[PDB]
Every structure is written in C-alpha cells, then in structure tokens.
2 protein chains.
Amino acid sequence: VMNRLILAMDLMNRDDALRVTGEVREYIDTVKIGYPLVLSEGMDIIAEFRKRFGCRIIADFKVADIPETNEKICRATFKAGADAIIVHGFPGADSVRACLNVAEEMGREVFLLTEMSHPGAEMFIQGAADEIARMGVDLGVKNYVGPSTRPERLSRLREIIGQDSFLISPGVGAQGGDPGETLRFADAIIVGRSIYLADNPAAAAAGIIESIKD
Amino acid sequence: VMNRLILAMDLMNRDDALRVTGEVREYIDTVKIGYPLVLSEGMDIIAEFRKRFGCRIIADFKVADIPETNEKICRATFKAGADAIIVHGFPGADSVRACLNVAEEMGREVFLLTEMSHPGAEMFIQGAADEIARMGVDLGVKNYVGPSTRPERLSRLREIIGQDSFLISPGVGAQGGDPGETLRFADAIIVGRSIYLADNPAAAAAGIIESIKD
Ligand SMILES: *c1c(F)c(=O)[nH]c(=O)n1[C@@H]1O[C@H](COP(=O)(O)O)[C@@H](O)[C@H]1O
Ligand SMILES: *c1c(F)c(=O)[nH]c(=O)n1[C@@H]1O[C@H](COP(=O)(O)O)[C@@H](O)[C@H]1O
C-alpha cells in the first residue's frame, strides 16, 4: 500500500470523512472503512469513496457470526464494492471458511484478525491468537491483522504466517503503538485518530510518512 | 417476550423482510435484526420495523471491536432506535464495558454473547465461555446469549448467570436445536430460517409456539 499507511476512517459524518480523506489522499493508497462510518452514512459510502478517491477499500467489519450469516455479510460487503473484508478468527474455522468462499466467488480478499490491539485482548484472544494464525495458514489465508501495541506478538504472528503473507497492524498513535517498531514486522500500519482528529490531518499523515521513510 | 419466541429476520430484501415479519407478528414480541438486513437496506430499517410492527428490536451486531469503536457502534445503533444490542464477550471486559456505558447513557440494553451455536464455536469460544459469562456477572450484565445446539452448555451458562438474568438462545431449527430442550434453560428462543424460509412462515411460527405451550 502507498507509503505503508492505511487510513482508518472512523469519522461518522460523510462531509468530515470526505474532507479528511481528500486531505490525506496523496499519502495513502488504502482506506479502511468500518461500522462507525457505515452505520452512520450507509453502505453506499464504500462505492463513493472508491470512486471519488480511487483508493482500495478494506471493510473493517470484524465479522464474527456463524458461517451462514458470515456468507451474507461478506456478499453484501463485496456487492457494495469493498476490495477486502476483515474477519475475526476467534469464532473458528468454519466461520472463516465461509468468508473465504464468498471472497473466492467474487474475486476479493479476506484479512484474518488474529490478536486485537486493546488491553482486553489479553483476556481471551491473546491465548488463542497463535492458533488463530496457524488456522489461517491451514486455510490458505494470505492476509492478516495483528497488534501494533504488542510488537513481540507481531513478531510471533509474523513467524507463524511467514514472509509471503501480508500483515497490517492497528494501534499506532492513539493506542500507543509506534510506526517504526510496528513496520519491523507488519507490511503496513493502520492509523485512525492520530490523523483524523489532528488539527491538520495532512500534516499528521506527512509526519508519519517522514518517520516511515527513515 | 411474547410466546418466548424472537424472530431472527435475516432476509436481505426490505419487501420480503416486511412481508414475513407482518405474517408472524401475532406470534412474536421481538424482532432480531442483524447485518444481513441492515447492510442491504440501511439502518433506517430498524426504526421502520419498530414503528410498523410495534415490536422491540434487538440489533444483533455481535460487536467485537476495541472500546472506542464499540462505543461508536452502540451509539449509532441506539440512535437508529434499537432497544438492545448483542455484543461479543471474547474481546474482553473493556470492550464490553464500553457498550454498557453507552447503553446506560441512552437507557438501552446490552446482551452478552457467551458461547456461539455453530460447530466452530468449539475451537476457541467454548473454552472461554464460562469465564465470559462470569465476566458478564462481574460487570453487572443482566442479558445473555448462549447456544441452543448445546443444552448442557446452556445449563452451565444458566448456572453462572443465575435465575434473575435473561438468557436468549439461537440455533433452534435449522442448526439442530430443539425449542423444548432449549427453553428448559433459556427464557426465549431465537428462530430465523425455520420461520423465514418456510413456505408459510405464520404456520411455522404457530407450530413452534404449539411445541412451546406444551
Ligand atoms: C480493530 C482491531 F481488531 C484491533 O485490534 N484494533 C483496532 O484498533 N481496530 C480498529 O482499528 C482502528 C484503530 O484506529 P485508531 O486507534 O488509530 O484510531 C479502528 O478502526 C479500530 O476500530
Ligand atoms: C449468532 C450467534 F452468535 C450464534 O451463536 N448463533 C447464531 O445463529 N447467531 C445468529 O442467530 C440467528 C440464527 O438464525 P437461524 O439459524 O435460526 O436461521 C442468525 O441471525 C445468526 O446470525
């Protein structure tokens, strides 16, 4: 992705979301759109962003239902124009496979969320996360999400998924993660609030790239 | 809830969803709306259903993000008129607390999803599910979801949450669960496909109630 930086666009107003994304477009390739924006403005926002900015769109829906419903969610999300969807691994292999089947049907991609970045991830997810990553490898998943806030865990996750796999990482900035130490292991960093709440989002994005280019 | 039966309305077309829900309205109190319908027709569908049928609406969004984003998702969902939201416990106590805080602000309810009903739930969720339920009790959660497909697990979950707590249960019918054996432990059963894919959804709903009334 351009400059190894993915914008987490979690503003809830279409005008603010369009403004900030336009301001930082020269620094990014890829916009991650989640439920804060979609549940506020509708699924049409995906196609609008894709068209207006010409950026790849990852739908960060952290899909975590039964196989049947996961299929439905993925179908609707790809129909809306998303290039990829983020799905949780914790619900197990059948739920993940359902997403992979739809992505196959529609020539799109699945990212498997292994360990989450927030403190509560330590309670239950962390203990399962290595296994979740191996399950991904066993299912042929090539794209993964893991936590900027725990680079030792990123390292381990990278070890499991191999060098070929594509690994993106949230928790940079607001949650305490560092761009440099995350990119030792991840291919790309996800950044939301440090950019979209900044007085000058372009300056914030540019500053992050300036720490990446080194 | 009326007749202890909650309709899982996962059709993806507004007209079909309205038709089936209208047909079974005399048998239900409560409609569960999830992402299959919302991602197809928009969040406005919640207020439409609530108004047109005068039914309580549970938004089954299986919320599974970090605290900050969970707050945003819950806010948008209650703003759209939902009475309650289903959230995953697996991401940990902070993520659950975030949802409880918004439900407090807005005089609404959270249901904590403990163990899921599908086969893949055995991989990771089942091993954490008793703890997830205890975490709920420790946070003051009063409403829970657990699996019709494993009544021995329902029993254990009921044991942890106590008799006061309200427990609803999916996996009846299509997934193999039985109305009678689920209602030994759950207060209400969730039923989707057995009703909404039936040639006569009212007859299917009525048949389920006829097995409940006994
Ligand atoms: C999702 C997830 F599964 C994580 O483990 N961590 C995480 O933060 N998210 C989502 O990533 C973005 C982080 O944005 P920022 O903290 O930079 O504002 C958000 O979209 C969050 O939902
Ligand atoms: C969600 C969940 F967390 C479960 O453990 N099981 C489950 O099935 N769901 C959702 O409940 C409904 C079941 O409907 P049915 O199988 O009767 O068609 C669906 O909305 C499913 O997403």
# chains A, B, ... in the order shown; residues from 1 in each chain; ligands from 1
>>> interface_residues(of="chain B", to="chain A", cutoff="7 Å", atoms="only C-alpha atoms", output="PyMOL selection string")
chain B and resi 35-36+39-40+42-43+62+64+66+69+72-73+76+90-95+118+120-121+123-125+128
>>> write_last_selection(atoms="C-alpha atoms", output="short mmCIF file (atom, residue, chain, number, x, y, z; two decimals), in the first residue's frame")
data_model
loop_
_atom_site.label_atom_id
_atom_site.label_comp_id
_atom_site.auth_asym_id
_atom_site.auth_seq_id
_atom_site.Cartn_x
_atom_site.Cartn_y
_atom_site.Cartn_z
CA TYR B 35 -26.20 -7.14 9.41
CA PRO B 36 -27.71 -9.27 6.58
CA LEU B 39 -26.13 -3.87 5.26
CA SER B 40 -28.67 -4.46 2.48
CA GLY B 42 -29.74 0.58 5.76
CA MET B 43 -30.05 1.43 9.46
CA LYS B 62 -22.04 -9.22 17.58
CA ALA B 64 -16.32 -7.20 18.58
CA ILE B 66 -11.91 -2.06 20.66
CA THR B 69 -15.13 1.82 18.29
CA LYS B 72 -19.39 4.44 18.30
CA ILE B 73 -21.18 1.34 17.04
CA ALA B 76 -25.21 4.70 16.10
CA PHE B 90 -14.44 -12.72 23.73
CA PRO B 91 -12.68 -9.32 23.14
CA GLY B 92 -12.65 -8.74 26.90
CA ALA B 93 -14.04 -6.62 29.68
CA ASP B 94 -13.09 -3.15 28.43
CA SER B 95 -14.81 -3.77 25.09
CA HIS B 118 -22.14 -23.23 15.29
CA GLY B 120 -16.56 -23.76 15.03
CA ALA B 121 -17.52 -22.30 18.44
CA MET B 123 -12.44 -24.33 18.70
CA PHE B 124 -11.82 -21.25 20.84
CA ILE B 125 -15.01 -19.76 22.20
CA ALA B 128 -13.56 -19.22 27.26
#
>>> select_by_dssp(residues="range 52-209 of chain A", states="strand (DSSP E or B)", output="PyMOL selection string")
chain A and resi 56-63+84-88+109-113+143-145+166-169+172+177+188-191
>>> write_last_selection(atoms="N, CA, C and O atoms", output="tab-separated table (two decimals), in the first residue's frame")
chain	number	residue	atom	x	y	z
A	56	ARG	N	-8.17	1.72	-2.72
A	56	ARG	CA	-8.64	0.39	-2.32
A	56	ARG	C	-9.37	0.61	-1.00
A	56	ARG	O	-8.94	1.45	-0.20
A	57	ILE	N	-10.43	-0.16	-0.77
A	57	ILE	CA	-11.23	-0.03	0.43
A	57	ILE	C	-11.23	-1.37	1.15
A	57	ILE	O	-11.64	-2.40	0.59
A	58	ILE	N	-10.77	-1.36	2.39
A	58	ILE	CA	-10.93	-2.51	3.28
A	58	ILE	C	-12.12	-2.25	4.18
A	58	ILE	O	-12.13	-1.23	4.88
A	59	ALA	N	-13.11	-3.15	4.19
A	59	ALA	CA	-14.27	-3.03	5.08
A	59	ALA	C	-13.91	-3.72	6.39
A	59	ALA	O	-13.77	-4.95	6.45
A	60	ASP	N	-13.70	-2.92	7.44
A	60	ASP	CA	-13.29	-3.47	8.72
A	60	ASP	C	-14.49	-3.82	9.56
A	60	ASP	O	-14.89	-3.07	10.46
A	61	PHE	N	-15.09	-4.96	9.24
A	61	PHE	CA	-16.34	-5.33	9.89
A	61	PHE	C	-16.16	-6.38	10.99
A	61	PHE	O	-17.12	-6.76	11.65
A	62	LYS	N	-14.92	-6.85	11.16
A	62	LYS	CA	-14.60	-7.78	12.26
A	62	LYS	C	-15.65	-8.86	12.36
A	62	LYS	O	-16.20	-9.16	13.42
A	63	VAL	N	-15.89	-9.48	11.20
A	63	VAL	CA	-17.01	-10.39	11.04
A	63	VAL	C	-16.88	-11.52	12.04
A	63	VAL	O	-15.82	-12.15	12.14
A	84	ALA	N	-11.71	-5.79	0.24
A	84	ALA	CA	-11.33	-6.79	1.21
A	84	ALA	C	-12.20	-6.59	2.43
A	84	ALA	O	-12.79	-5.51	2.62
A	85	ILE	N	-12.30	-7.64	3.23
A	85	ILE	CA	-13.05	-7.59	4.47
A	85	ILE	C	-12.19	-8.17	5.59
A	85	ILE	O	-11.46	-9.15	5.35
A	86	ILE	N	-12.26	-7.57	6.78
A	86	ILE	CA	-11.59	-8.09	7.97
A	86	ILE	C	-12.55	-8.97	8.75
A	86	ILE	O	-13.67	-8.57	9.06
A	87	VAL	N	-12.12	-10.20	9.03
A	87	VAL	CA	-12.94	-11.16	9.76
A	87	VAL	C	-12.19	-11.66	10.98
A	87	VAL	O	-10.96	-11.78	10.96
A	88	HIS	N	-12.93	-11.90	12.07
A	88	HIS	CA	-12.35	-12.48	13.28
A	88	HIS	C	-12.08	-13.96	13.09
A	88	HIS	O	-12.89	-14.69	12.52
A	109	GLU	N	-10.71	-10.23	-1.28
A	109	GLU	CA	-9.81	-10.76	-0.27
A	109	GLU	C	-10.37	-10.70	1.14
A	109	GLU	O	-11.20	-9.85	1.47
A	110	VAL	N	-9.89	-11.65	1.94
A	110	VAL	CA	-10.20	-11.71	3.38
A	110	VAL	C	-8.90	-11.42	4.15
A	110	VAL	O	-7.83	-11.97	3.83
A	111	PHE	N	-9.01	-10.56	5.17
A	111	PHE	CA	-7.94	-10.39	6.16
A	111	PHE	C	-8.38	-11.07	7.44
A	111	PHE	O	-9.48	-10.79	7.92
A	112	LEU	N	-7.54	-11.95	7.99
A	112	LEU	CA	-7.86	-12.62	9.25
A	112	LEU	C	-7.31	-11.85	10.44
A	112	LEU	O	-6.08	-11.66	10.55
A	113	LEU	N	-8.22	-11.38	11.30
A	113	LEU	CA	-7.82	-10.74	12.56
A	113	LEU	C	-7.42	-11.81	13.58
A	113	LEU	O	-8.20	-12.71	13.91
A	143	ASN	N	-3.67	-12.88	4.16
A	143	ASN	CA	-3.72	-11.51	4.69
A	143	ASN	C	-4.18	-11.54	6.14
A	143	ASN	O	-5.16	-12.20	6.47
A	144	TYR	N	-3.46	-10.82	6.99
A	144	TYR	CA	-3.63	-10.92	8.45
A	144	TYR	C	-3.60	-9.55	9.09
A	144	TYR	O	-3.02	-8.61	8.55
A	145	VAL	N	-4.22	-9.46	10.27
A	145	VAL	CA	-4.19	-8.26	11.11
A	145	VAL	C	-3.65	-8.67	12.47
A	145	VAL	O	-4.08	-9.67	13.06
A	166	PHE	N	0.71	-11.09	3.94
A	166	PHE	CA	0.59	-9.64	4.08
A	166	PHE	C	-0.02	-9.37	5.45
A	166	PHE	O	-1.05	-9.97	5.78
A	167	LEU	N	0.62	-8.53	6.25
A	167	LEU	CA	0.22	-8.30	7.64
A	167	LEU	C	0.06	-6.79	7.84
A	167	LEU	O	0.98	-6.01	7.58
A	168	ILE	N	-1.13	-6.40	8.29
A	168	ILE	CA	-1.41	-4.99	8.59
A	168	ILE	C	-1.71	-4.86	10.07
A	168	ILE	O	-2.10	-5.83	10.74
A	169	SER	N	-1.51	-3.65	10.61
A	169	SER	CA	-1.46	-3.53	12.07
A	169	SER	C	-2.06	-2.23	12.61
A	169	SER	O	-1.52	-1.16	12.34
A	172	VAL	N	-1.54	2.09	16.17
A	172	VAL	CA	-0.47	3.09	16.04
A	172	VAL	C	-1.00	4.47	16.44
A	172	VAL	O	-2.02	4.94	15.94
A	177	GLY	N	0.99	2.50	19.90
A	177	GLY	CA	1.92	1.86	19.00
A	177	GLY	C	2.80	2.81	18.22
A	177	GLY	O	2.42	3.96	17.97
A	188	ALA	N	2.15	-3.02	6.62
A	188	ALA	CA	1.50	-1.70	6.61
A	188	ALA	C	0.90	-1.42	7.98
A	188	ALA	O	0.50	-2.34	8.71
A	189	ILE	N	0.87	-0.14	8.33
A	189	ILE	CA	0.25	0.29	9.58
A	189	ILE	C	-1.09	0.93	9.28
A	189	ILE	O	-1.29	1.61	8.27
A	190	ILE	N	-2.04	0.69	10.18
A	190	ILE	CA	-3.34	1.35	10.13
A	190	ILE	C	-3.30	2.50	11.13
A	190	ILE	O	-2.89	2.31	12.28
A	191	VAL	N	-3.72	3.69	10.69
A	191	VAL	CA	-3.76	4.84	11.59
A	191	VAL	C	-5.10	5.55	11.42
A	191	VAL	O	-5.47	5.89	10.30
>>> residues_around(residues="residue 154 in chain B", least_positions_apart="3", cutoff="10 Å", atoms="only C-alpha atoms", output="PyMOL selection string")
chain B and resi 114-115+145-151+157-160+167-169+181-186
>>> write_last_selection(atoms="N, CA and C atoms", output="PDB file, in the first residue's frame")
ATOM      1  N   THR B 114     -22.056 -15.261  24.866  1.00  0.00           N
ATOM      2  CA  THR B 114     -21.083 -16.087  25.583  1.00  0.00           C
ATOM      3  C   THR B 114     -20.540 -17.105  24.569  1.00  0.00           C
ATOM      4  N   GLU B 115     -21.180 -18.267  24.474  1.00  0.00           N
ATOM      5  CA  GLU B 115     -20.801 -19.303  23.530  1.00  0.00           C
ATOM      6  C   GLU B 115     -21.702 -19.251  22.306  1.00  0.00           C
ATOM      7  N   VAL B 145     -26.676 -14.337  25.751  1.00  0.00           N
ATOM      8  CA  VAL B 145     -26.985 -15.212  24.617  1.00  0.00           C
ATOM      9  C   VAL B 145     -26.121 -16.458  24.760  1.00  0.00           C
ATOM     10  N   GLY B 146     -26.734 -17.629  24.581  1.00  0.00           N
ATOM     11  CA  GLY B 146     -25.990 -18.894  24.571  1.00  0.00           C
ATOM     12  C   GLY B 146     -26.668 -19.906  23.656  1.00  0.00           C
ATOM     13  N   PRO B 147     -26.007 -21.049  23.424  1.00  0.00           N
ATOM     14  CA  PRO B 147     -26.318 -21.880  22.235  1.00  0.00           C
ATOM     15  C   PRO B 147     -27.387 -22.974  22.404  1.00  0.00           C
ATOM     16  N   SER B 148     -28.412 -22.930  21.554  1.00  0.00           N
ATOM     17  CA  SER B 148     -29.486 -23.938  21.570  1.00  0.00           C
ATOM     18  C   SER B 148     -28.923 -25.307  21.227  1.00  0.00           C
ATOM     19  N   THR B 149     -27.876 -25.329  20.418  1.00  0.00           N
ATOM     20  CA  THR B 149     -27.242 -26.555  19.926  1.00  0.00           C
ATOM     21  C   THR B 149     -26.490 -27.343  21.013  1.00  0.00           C
ATOM     22  N   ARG B 150     -26.235 -26.717  22.163  1.00  0.00           N
ATOM     23  CA  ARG B 150     -25.563 -27.399  23.269  1.00  0.00           C
ATOM     24  C   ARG B 150     -26.309 -27.126  24.564  1.00  0.00           C
ATOM     25  N   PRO B 151     -27.417 -27.850  24.815  1.00  0.00           N
ATOM     26  CA  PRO B 151     -28.152 -27.565  26.042  1.00  0.00           C
ATOM     27  C   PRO B 151     -27.377 -27.814  27.345  1.00  0.00           C
ATOM     28  N   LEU B 157     -24.224 -22.282  31.589  1.00  0.00           N
ATOM     29  CA  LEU B 157     -24.273 -20.819  31.471  1.00  0.00           C
ATOM     30  C   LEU B 157     -25.361 -20.247  32.362  1.00  0.00           C
ATOM     31  N   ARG B 158     -26.511 -20.912  32.391  1.00  0.00           N
ATOM     32  CA  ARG B 158     -27.581 -20.535  33.302  1.00  0.00           C
ATOM     33  C   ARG B 158     -27.124 -20.608  34.759  1.00  0.00           C
ATOM     34  N   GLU B 159     -26.367 -21.652  35.083  1.00  0.00           N
ATOM     35  CA  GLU B 159     -25.817 -21.816  36.430  1.00  0.00           C
ATOM     36  C   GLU B 159     -24.955 -20.613  36.826  1.00  0.00           C
ATOM     37  N   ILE B 160     -24.174 -20.095  35.884  1.00  0.00           N
ATOM     38  CA  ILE B 160     -23.259 -18.986  36.174  1.00  0.00           C
ATOM     39  C   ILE B 160     -24.019 -17.666  36.286  1.00  0.00           C
ATOM     40  N   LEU B 167     -31.852 -14.867  29.409  1.00  0.00           N
ATOM     41  CA  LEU B 167     -30.988 -15.652  28.524  1.00  0.00           C
ATOM     42  C   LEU B 167     -31.796 -16.012  27.277  1.00  0.00           C
ATOM     43  N   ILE B 168     -31.268 -15.622  26.119  1.00  0.00           N
ATOM     44  CA  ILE B 168     -31.896 -15.952  24.838  1.00  0.00           C
ATOM     45  C   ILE B 168     -30.956 -16.843  24.041  1.00  0.00           C
ATOM     46  N   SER B 169     -31.523 -17.618  23.111  1.00  0.00           N
ATOM     47  CA  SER B 169     -30.744 -18.722  22.547  1.00  0.00           C
ATOM     48  C   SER B 169     -31.009 -18.983  21.063  1.00  0.00           C
ATOM     49  N   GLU B 181     -36.162 -28.311  24.594  1.00  0.00           N
ATOM     50  CA  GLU B 181     -34.955 -28.533  25.384  1.00  0.00           C
ATOM     51  C   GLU B 181     -34.115 -27.271  25.591  1.00  0.00           C
ATOM     52  N   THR B 182     -34.301 -26.290  24.710  1.00  0.00           N
ATOM     53  CA  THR B 182     -33.628 -25.005  24.897  1.00  0.00           C
ATOM     54  C   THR B 182     -34.300 -24.169  25.986  1.00  0.00           C
ATOM     55  N   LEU B 183     -35.632 -24.178  25.992  1.00  0.00           N
ATOM     56  CA  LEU B 183     -36.405 -23.410  26.952  1.00  0.00           C
ATOM     57  C   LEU B 183     -36.403 -23.999  28.369  1.00  0.00           C
ATOM     58  N   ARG B 184     -35.785 -25.158  28.567  1.00  0.00           N
ATOM     59  CA  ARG B 184     -35.510 -25.611  29.922  1.00  0.00           C
ATOM     60  C   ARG B 184     -34.553 -24.636  30.617  1.00  0.00           C
ATOM     61  N   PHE B 185     -33.712 -23.960  29.828  1.00  0.00           N
ATOM     62  CA  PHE B 185     -32.653 -23.132  30.400  1.00  0.00           C
ATOM     63  C   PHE B 185     -32.743 -21.690  29.948  1.00  0.00           C
ATOM     64  N   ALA B 186     -33.093 -21.476  28.679  1.00  0.00           N
ATOM     65  CA  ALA B 186     -33.220 -20.113  28.133  1.00  0.00           C
ATOM     66  C   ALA B 186     -34.615 -19.560  28.401  1.00  0.00           C
TER      67      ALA B 186
END
>>> residues_around(residues="residue 18 in chain A", least_positions_apart="4", cutoff="12 Å", atoms="only C-alpha atoms", output="PyMOL selection string")
chain A and resi 9-14+22-25+31+33+37+41+45-46+48-53+196
>>> write_last_selection(atoms="N, CA and C atoms", output="compact mmCIF listing (two decimals), in the first residue's frame")
# COMPACT_ATOMS: atom_id res chain seq x y z
N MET A 9 -10.72 5.30 8.62
CA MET A 9 -11.66 6.42 8.53
C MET A 9 -12.90 6.13 9.36
N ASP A 10 -12.82 6.49 10.65
CA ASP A 10 -13.92 6.23 11.58
C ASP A 10 -14.69 7.48 12.02
N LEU A 11 -14.54 8.57 11.28
CA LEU A 11 -15.48 9.67 11.46
C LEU A 11 -16.88 9.22 11.08
N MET A 12 -17.89 9.86 11.64
CA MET A 12 -19.27 9.38 11.48
C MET A 12 -20.13 10.28 10.61
N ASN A 13 -19.52 11.32 10.05
CA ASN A 13 -20.23 12.30 9.23
C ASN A 13 -19.61 12.22 7.85
N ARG A 14 -20.44 12.08 6.81
CA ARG A 14 -19.94 11.94 5.45
C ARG A 14 -19.07 13.13 5.03
N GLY A 22 -9.85 13.27 1.57
CA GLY A 22 -9.31 14.05 0.45
C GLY A 22 -8.00 14.73 0.81
N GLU A 23 -7.91 15.21 2.05
CA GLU A 23 -6.72 15.94 2.52
C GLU A 23 -5.50 15.04 2.60
N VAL A 24 -5.70 13.76 2.87
CA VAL A 24 -4.56 12.87 3.06
C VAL A 24 -4.33 11.89 1.90
N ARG A 25 -5.11 12.02 0.84
CA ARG A 25 -5.10 11.08 -0.29
C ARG A 25 -3.73 10.91 -0.94
N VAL A 31 -7.96 2.99 2.12
CA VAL A 31 -8.80 3.49 3.20
C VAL A 31 -9.53 2.30 3.82
N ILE A 33 -12.63 1.33 6.00
CA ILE A 33 -13.93 1.86 6.39
C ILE A 33 -14.59 0.83 7.30
N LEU A 37 -18.57 4.62 10.35
CA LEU A 37 -18.99 5.37 9.18
C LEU A 37 -20.15 4.70 8.47
N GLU A 41 -23.79 6.48 7.67
CA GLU A 41 -23.98 7.04 6.33
C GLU A 41 -24.43 6.03 5.28
N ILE A 45 -21.47 4.54 0.98
CA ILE A 45 -20.26 5.30 1.24
C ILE A 45 -19.01 4.59 0.72
N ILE A 46 -19.05 3.26 0.67
CA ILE A 46 -17.91 2.48 0.17
C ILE A 46 -17.64 2.78 -1.31
N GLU A 48 -18.76 5.26 -3.01
CA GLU A 48 -18.47 6.69 -3.15
C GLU A 48 -16.99 6.97 -2.94
N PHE A 49 -16.43 6.46 -1.84
CA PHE A 49 -15.01 6.63 -1.55
C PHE A 49 -14.15 6.01 -2.63
N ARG A 50 -14.48 4.77 -3.01
CA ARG A 50 -13.71 4.07 -4.02
C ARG A 50 -13.63 4.88 -5.32
N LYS A 51 -14.78 5.41 -5.76
CA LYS A 51 -14.86 6.23 -6.98
C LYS A 51 -14.16 7.58 -6.84
N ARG A 52 -14.50 8.33 -5.79
CA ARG A 52 -14.02 9.70 -5.61
C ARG A 52 -12.53 9.83 -5.30
N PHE A 53 -11.95 8.82 -4.65
CA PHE A 53 -10.53 8.86 -4.30
C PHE A 53 -9.69 7.85 -5.08
N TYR A 196 -7.11 11.53 11.84
CA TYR A 196 -8.41 12.16 11.58
C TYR A 196 -8.88 13.13 12.67
>>> residues_around(residues="residue 209 in chain B", least_positions_apart="2", cutoff="8 Å", atoms="only C-alpha atoms", output="compact mmCIF listing (two decimals) with N, CA and C atoms, in the first residue's frame")
# COMPACT_ATOMS: atom_id res chain seq x y z
N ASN B 3 -44.63 -15.23 23.73
CA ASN B 3 -44.52 -16.64 23.40
C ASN B 3 -43.09 -17.17 23.48
N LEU B 5 -40.53 -16.35 21.91
CA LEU B 5 -40.02 -16.55 20.55
C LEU B 5 -39.60 -15.23 19.93
N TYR B 27 -47.45 -13.77 16.68
CA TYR B 27 -46.77 -14.80 17.47
C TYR B 27 -45.50 -14.32 18.18
N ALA B 205 -44.21 -20.46 12.56
CA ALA B 205 -44.20 -19.81 13.87
C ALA B 205 -45.24 -20.41 14.81
N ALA B 206 -46.44 -20.62 14.29
CA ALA B 206 -47.53 -21.18 15.07
C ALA B 206 -47.20 -22.58 15.57
N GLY B 207 -46.54 -23.38 14.72
CA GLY B 207 -46.12 -24.73 15.06
C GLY B 207 -45.08 -24.76 16.17
N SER B 211 -45.44 -26.15 20.20
CA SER B 211 -44.50 -27.00 20.92
C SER B 211 -43.99 -26.34 22.20
N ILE B 212 -44.11 -25.01 22.28
CA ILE B 212 -43.74 -24.24 23.48
C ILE B 212 -44.85 -24.30 24.54
N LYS B 213 -46.10 -24.09 24.12
CA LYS B 213 -47.25 -24.06 25.04
C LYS B 213 -47.43 -25.35 25.84
>>> atom_distance(atom1="CA of residue 170 in chain B", atom2="CA of residue 152 in chain B")
14.5 Å
>>> closest_residue(among="A:153, A:8, A:103, A:203", to="ligand 1", atoms="only C-alpha atoms and all ligand atoms")
A:8
>>> closest_residue(among="A:137, A:17, A:195, A:208", to="ligand 1", atoms="only C-alpha atoms and all ligand atoms")
A:195
